[PDB]
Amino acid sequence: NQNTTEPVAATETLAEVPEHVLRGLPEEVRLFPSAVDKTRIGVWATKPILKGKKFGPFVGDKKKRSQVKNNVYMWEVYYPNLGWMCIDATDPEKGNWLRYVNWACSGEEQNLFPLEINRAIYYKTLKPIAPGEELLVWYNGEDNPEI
């Protein structure tokens, strides 16, 4: 979280992405080091993307909250008669290219928001995205005007 002189303990490069994850991207996006955290891989637009474009589904292993160790590579989704489950893509072999979409910092420059369809998370564009801009997800906000 810092451009400083302290040593970095772990780096993720393009060489470490699973081959089947790379083969799965649509034309509009590519994988490339994140500008938000250059020690990890992120997702970038290759061409103009319209507002309202949907990507997904996000996939991952179903686990109880008590078994998941981070809030970065996971979403929570309810399954009737099974309960609230975490969909965990911490291990990239269990997920797809949506795993690599980094999070906006306090929503800054967010251009993707989550929506649930058929008990899976998809990402939808909040605004148009220009070629060479990083895809960044954050939560839904309360958008209504108090005027």
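Residue positions are given as counts along the sequence shown, with the first one as 1.
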Stretch with higher mean Cα temperature factor, 62-70 vs 116-124, is 62-70
Out of 94-102 and 31-39, which stretch has the higher average CA B-factor listed in the record? 31-39
Lowest, middle or highest third - CA B-factor, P57: lowest
Entry-reported Cα temperature factor of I129, expressed as the chain third it lands in: middle
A15: CA B-factor among chain residues, third -> highest
Against its chain's modelled residues, does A9's Cα B factor rank lowest, middle or highest third? highest
